[PDB]
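Data block below; observations after.
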Amino acid sequence: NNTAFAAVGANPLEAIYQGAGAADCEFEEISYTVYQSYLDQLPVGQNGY
Amino acid sequence: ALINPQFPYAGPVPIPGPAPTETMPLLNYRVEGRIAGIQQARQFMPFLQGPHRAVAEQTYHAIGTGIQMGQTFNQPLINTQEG
């Protein structure tokens, strides 16, 4: 709630929204999901992997 | 040199010369010279003797670790052709 909203005249670089109503904006909530991308069936040889 | 007769060049600068002085003497110098201040063994510098690197190589350390583990799926059996 301190970085996402910029007041008129303030630096908007790190913000998501800027405007006259900024001081009263807030996050209801945030959700994230992380997906991992990888390669499987790690090879083994006479040396091992 | 040219000499011309009858006006000949005097045969010398003769004896009428005016000895002007007897100041001819350089008095020998006699002296004792001592340059003896205590010397301390060291001088400070910013740097002496270094052969600074103009570029270094890339350098590294090393690690590995783990175990041998696996989840596998195989091709199905098939009819054998010949032999």
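In the structure tokens, the first chain shown is A, the next is B, and so on; residue numbers restart at 1 for each chain, and ligands run from 1 in the order shown.
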
Using only C-alpha atoms, tabulate the residues of chain A lying at most 9 Å from any atom of chain B, each with its closest atom pair and that distance in Å to one decimal, by chain and increasing residue number, as JSON lines.
{"residue": "A:40", "atom": "CA", "partner": "B:71", "partner_atom": "CA", "distance": 8.4}
{"residue": "A:41", "atom": "CA", "partner": "B:70", "partner_atom": "CA", "distance": 6.4}
{"residue": "A:42", "atom": "CA", "partner": "B:70", "partner_atom": "CA", "distance": 7.1}
{"residue": "A:44", "atom": "CA", "partner": "B:68", "partner_atom": "CA", "distance": 8.0}
{"residue": "A:48", "atom": "CA", "partner": "B:68", "partner_atom": "CA", "distance": 7.8}
{"residue": "A:49", "atom": "CA", "partner": "B:68", "partner_atom": "CA", "distance": 7.4}

Residue subset to file, keeping C-alpha atoms, as an mmCIF file, in the first residue's frame:
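Once everything was written out, this is again_14.cif:
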data_model
loop_
_atom_site.group_PDB
_atom_site.id
_atom_site.type_symbol
_atom_site.label_atom_id
_atom_site.label_comp_id
_atom_site.auth_asym_id
_atom_site.auth_seq_id
_atom_site.Cartn_x
_atom_site.Cartn_y
_atom_site.Cartn_z
ATOM 1 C CA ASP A 40 13.670 -34.296 -16.299
ATOM 2 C CA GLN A 41 15.120 -37.861 -16.768
ATOM 3 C CA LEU A 42 18.639 -36.733 -15.606
ATOM 4 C CA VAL A 44 23.354 -41.405 -16.001
ATOM 5 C CA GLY A 48 27.459 -41.081 -13.321
ATOM 6 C CA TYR A 49 25.330 -38.074 -14.212
#

Could you tell me how far atom CA of residue A:38 sits from atom CA of residue B:60, in Å to one decimal place?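 Computing it gives 25.9 Å between the two atoms.
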
Non-local contacts of stretch 16-18 of chain A (12 Å; only C-alpha atoms; under 2 positions in same chain excluded) as number ranges by chain: A: 1-14, 20-27

N, CA and C atoms of the current selection, written as a CSV table (one decimal), in the first residue's frame:
chain,number,residue,atom,x,y,z
A,1,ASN,N,0.8,-1.2,0.0
A,1,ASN,CA,0.0,0.0,0.0
A,1,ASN,C,0.8,1.3,0.0
A,2,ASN,N,2.1,1.1,0.2
A,2,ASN,CA,3.0,2.3,0.2
A,2,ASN,C,3.7,2.5,-1.1
A,3,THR,N,3.8,1.4,-1.9
A,3,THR,CA,4.5,1.6,-3.2
A,3,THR,C,3.6,1.6,-4.5
A,4,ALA,N,2.5,1.0,-4.4
A,4,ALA,CA,1.6,0.9,-5.5
A,4,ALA,C,0.8,2.1,-6.0
A,5,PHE,N,0.7,3.1,-5.1
A,5,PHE,CA,-0.1,4.3,-5.4
A,5,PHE,C,0.6,5.6,-5.2
A,6,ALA,N,0.7,6.4,-6.3
A,6,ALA,CA,1.3,7.6,-6.3
A,6,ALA,C,0.4,8.8,-6.4
A,7,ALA,N,0.6,9.8,-5.5
A,7,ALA,CA,-0.2,11.0,-5.5
A,7,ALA,C,0.1,11.9,-6.7
A,8,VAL,N,-0.8,12.7,-7.1
A,8,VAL,CA,-0.5,13.6,-8.2
A,8,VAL,C,0.7,14.4,-7.9
A,9,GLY,N,1.7,14.5,-8.8
A,9,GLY,CA,2.9,15.2,-8.5
A,9,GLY,C,4.0,14.4,-7.9
A,10,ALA,N,3.7,13.2,-7.5
A,10,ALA,CA,4.7,12.3,-6.9
A,10,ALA,C,5.3,11.5,-8.0
A,11,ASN,N,6.5,10.9,-7.8
A,11,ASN,CA,7.2,10.1,-8.8
A,11,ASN,C,6.4,8.8,-9.0
A,12,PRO,N,6.0,8.5,-10.2
A,12,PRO,CA,5.2,7.3,-10.5
A,12,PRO,C,6.1,6.1,-10.9
A,13,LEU,N,7.4,6.2,-10.9
A,13,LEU,CA,8.3,5.1,-11.3
A,13,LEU,C,8.0,3.7,-10.8
A,14,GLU,N,7.8,3.6,-9.5
A,14,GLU,CA,7.6,2.3,-8.8
A,14,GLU,C,6.1,2.0,-8.6
A,20,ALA,N,-5.5,11.6,-8.2
A,20,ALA,CA,-6.0,12.3,-7.0
A,20,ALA,C,-6.6,11.4,-5.9
A,21,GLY,N,-7.0,10.2,-6.2
A,21,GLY,CA,-7.5,9.4,-5.2
A,21,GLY,C,-6.5,8.4,-4.6
A,22,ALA,N,-5.3,8.5,-5.0
A,22,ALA,CA,-4.2,7.6,-4.5
A,22,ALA,C,-4.1,7.3,-3.0
A,23,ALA,N,-4.1,8.4,-2.2
A,23,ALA,CA,-4.0,8.3,-0.8
A,23,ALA,C,-5.0,7.3,-0.2
A,24,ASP,N,-6.1,7.1,-0.8
A,24,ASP,CA,-7.2,6.2,-0.3
A,24,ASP,C,-7.3,4.9,-1.1
A,25,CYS,N,-6.3,4.5,-1.9
A,25,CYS,CA,-6.3,3.3,-2.6
A,25,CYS,C,-5.6,2.2,-1.7
A,26,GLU,N,-6.0,1.0,-1.9
A,26,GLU,CA,-5.4,-0.1,-1.1
A,26,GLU,C,-5.6,-1.4,-1.8
A,27,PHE,N,-4.8,-2.4,-1.4
A,27,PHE,CA,-4.9,-3.7,-2.0
A,27,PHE,C,-6.0,-4.5,-1.2

Measure the distance from atom CA of residue B:65 to atom CA of residue A:35 in Å and round it to one decimal.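 The value is 24.6 Å.
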